[PDB]
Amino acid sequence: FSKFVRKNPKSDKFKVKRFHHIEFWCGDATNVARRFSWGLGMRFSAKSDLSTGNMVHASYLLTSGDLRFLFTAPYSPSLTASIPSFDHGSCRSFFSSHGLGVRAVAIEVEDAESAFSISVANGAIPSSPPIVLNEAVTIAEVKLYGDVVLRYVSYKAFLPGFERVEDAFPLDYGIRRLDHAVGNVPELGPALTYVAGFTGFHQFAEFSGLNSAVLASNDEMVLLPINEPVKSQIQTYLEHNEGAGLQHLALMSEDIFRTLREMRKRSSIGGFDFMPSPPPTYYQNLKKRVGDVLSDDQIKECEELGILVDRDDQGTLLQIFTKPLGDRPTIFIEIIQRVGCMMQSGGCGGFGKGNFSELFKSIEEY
């Protein structure tokens, strides 16, 4: 009776691959990284600070699976830098106006020199030219939205100037990669026009107080949703963050029950807090909608963990959200596990849009 048809022109203007890393910018990178390390279960595995010769910034790298979080903070200008786009004047201005937040959204491409030239010839505002690192890595950044940039990394074979680390049954709760990354802007329209203009990402098709549109690369493994405000928590983000900027990171986990039992045990001891949980009638209503996909016990396991379930035409998406990460109510994190389109299709299950109404309906029915 029902059918949902999707288009994919594959209009990528240059060839991209995968999410590479995210770069948090902060004031003291050691504590943000040691916090996030115990909350998310990410192994400290590369660094570039004083003990490595870097007298410009302290950059630490947390890895879990392929997911790579880089934490960067400036030292005193009175004092070698491995990241060629770093600057005290821009980093101090970033953190003053926005607080703890994502500075770069980084994606592996075939060639960063071309990826940047084609971008800038297609409307992209440049933020950092192509710089070859030790004849091994190329790095370039164009403005994405607000003071967030889209960062192109390319190889010929973490980064030059980084040392390795391995010592900590090390930290691993099941997080395996970055699924999608989300910004908020004032006016979605011009933002979609800009971004899709210089990348050729096609709009992804989905099944209160925001309007959402999702860009995807040719393989739809580089997903970028964007939200505009229609009270509206999108509007609250823009005020506290002082402009456009990134809203959440969704982390793909190989077992969302493993990940969640770990991250809820640590909420009150340095880890991360979560949204208050749906009413029990939300989970009583699961069997009627996804009981062909989740066994009763896994349904039990979602109620026991506050885990949201939605599905669209292809598969089913399990998701739960944290509270804000630092001071301001701005950046939160989303933990997701996608089930269904096994080949795994990018975006299997969508992004959770269905849960707004399905959560309202569960509230009303006791």
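What we label the rigid core is the largest C-alpha set whose atoms superpose within 1.5 Å from one form to the other. We number the residues from 1 along the sequence you see.
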Do the Cα atoms of 158-166 stray more than those of 253-261 in 8 other deposited structures of this protein, or is it the other way round, with the core held fixed? 158-166
None, 1 to 3, 4 to 9, or 10 or more: how many residues of the deposited sequence lack coordinates between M343 and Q344? 4 to 9
Between neighbours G270 and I269, residues that the deposited sequence lists but the model omits: none
Between 110-118 and 260-268, which has the higher average C-alpha B-factor in the PDB entry? 110-118
Residue range whose averaged C-alpha B-factor is higher in the record, 286-294 or 216-224: 286-294
Among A250, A81, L246, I175, which residue carries the highest C-alpha B-factor recorded in the PDB entry? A81
Take the CA temperature factors straight from the PDB entry and tell me which of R164, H202, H88, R151 peaks. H88
By the recorded C-alpha temperature factor, relative to the other modelled residues in its chain, which third is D28 in? lowest
By the recorded C-alpha temperature factor, relative to the other modelled residues in its chain, which third is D313 in? highest
Which third of the chain does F207 land in by C-alpha B-factor: lowest, middle or highest? highest
B-factor third for the C-alpha atom of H180 within its chain: lowest
Among the chain's modelled residues, which third holds the C-alpha B-factor of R18? middle
